[PDB]
Amino acid sequence: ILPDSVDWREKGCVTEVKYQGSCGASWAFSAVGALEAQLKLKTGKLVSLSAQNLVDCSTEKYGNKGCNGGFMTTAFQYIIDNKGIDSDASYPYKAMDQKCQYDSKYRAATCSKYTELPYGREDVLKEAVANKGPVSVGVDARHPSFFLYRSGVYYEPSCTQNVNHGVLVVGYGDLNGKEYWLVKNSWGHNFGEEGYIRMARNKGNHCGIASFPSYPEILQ
Ligand SMILES: CCCn1nc(-c2ccc(C(F)(F)F)c(SCCN3CCCCC3)c2)c2c1CCN(C(=O)CC1CCN(CC3CCCCC3)CC1)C2
């Protein structure tokens, strides 16, 4: 019933790969990346949203700690509560904790709601990627093989289901006998496959990719 593969980048719903640097803001990149796709779907415009806005403004009230880590779910809740998030162009990324400088004059998106998917359910994750759009997830990236990944379907025997790095599932497929998740990272274009990593799919929640999925929506 579900398509064999989906790629939301091919549907024009994914912005350029970003570079987080030495600031632990992968949660903020994962969240804006999911919302960017919903924004494209609803308005026809593809616009990078401000991860720095989340770093500086979605802070202790949201359980988040800026460059020391955060949640995608509470990032979405900030955008709901704030009734907007600035464009990345107006509020660019500095890889530092800064004062909140959100300005509604440069609001580029809103968020109406978000959804959390059940733990470890790669079938439900697949359905959501097919039927909803890119999904924010955490993965276990504390392995040299992850940092050193260049191409192919990533499979790390010592991976755990305990996540520590936010990323964005923008698709999935089946290539060269291997089912995979298509994952947008925030380590710049020189990481992996032009900034992407394809991660083993249907291998018992490999690297925790389906541990904590969430996605936002923008309602009419
Ligand atoms: C043991 C596992 C714990 N765990 N770990 C994650 C999780 C998910 C994704 C990543 C990613 F790598 F992608 F970044 C990470 S990396 C660690 C992030 N970590 C760093 C230190 C500062 C707090 C951030 C962790 C999640 C959960 C539980 C459910 N999850 C949620 O999002 C839902 C919860 C969000 C937090 N509320 C609590 C309150 C929220 C507002 C008021 C203050 C607390 C409860 C529901 C996802």
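Each reported figure results from applying straightforward, stated rules to the coordinates on display, with no laboratory input. No Cβ is skipped: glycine too gets one built from the backbone with ideal geometry, and neighbour counts run over all protein chains shown.
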Flagged in the range 20-42 as outside any helix (DSSP H, G or I) and more than 13 Å from the chain's Cα centre (by Cα), in numbering order, are 21, 22, 23, 24
When the range 59-81 is examined, which residues are found to be under 24 Å from residue 16 (Cβ atoms), of a type outside the set (A, V, I, L, M) and in contact with a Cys (Cβ under 9 Å, 6 or more places away or on another chain)? 66, 67, 76, 78
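Tell me which residues, restricted to the range 177-186, are without any contact (Cβ under 8 Å) to a residue 60 or more places away in the chain and closer than 13 Å to residue 154 by Cβ.
178, 179, 180, 181, 183 - these are the residues of the range 177-186 that are without any contact (Cβ under 8 Å) to a residue 60 or more places away in the chain and closer than 13 Å to residue 154 by Cβ.
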Do we find a residue being crowded, with 22+ Cβ neighbours inside 10 Å, on the phi < 0 side of the Ramachandran plot and not in a helix (DSSP H, G or I) anywhere in the range 59-67? yes
Taking the options 158, 145, name whichever one is more than 9 Å from the ligand (Cβ to nearest atom), outside any loop (DSSP other than H, G, I, E, B) and exposed (fewer than 15 other Cβ atoms within 10 Å of the Cβ). 145
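Considering only residues that are of a type in the set (A, V, I, L, M) and surrounded by 15 or more Cβ atoms within 10 Å (Cβ to Cβ), look in the range 161-176 and name the one that is farthest from the ligand (Cβ to nearest atom).
The initial filter retains those residues of the range 161-176 that are of a type in the set (A, V, I, L, M), namely 163, 167-170, 175.
With the extra rule that they be surrounded by 15 or more Cβ atoms within 10 Å (Cβ to Cβ), the set shrinks to 163, 167-170.
Working: 163: 5, 167: 7, 168: 10, 169: 11, 170: 15 Å.
Once the filter is applied, the top-ranked residue is 170.
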How many residues does the range 196-216 hold that are in contact with a strand residue (DSSP E or B) (Cβ under 7 Å, 6 or more places away or on another chain) and either away from the ligand (no atom under 16 Å from the Cβ) or not in a loop (DSSP other than H, G, I, E, B) (or both)? 13
Let me spell it out: the conditions are (1) within 20 Å of residue 20 (Cβ to Cβ); (2) basic (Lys, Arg); (3) within 16 Å of the ligand (Cβ to nearest atom), and residue 99 meets all of them except one. Which number is the exception? (3)
For the range 68-84, give me each residue that is in a helix (DSSP H, G or I) and surrounded by fewer than 18 Cβ atoms within 10 Å (Cβ to Cβ). 68, 80, 81
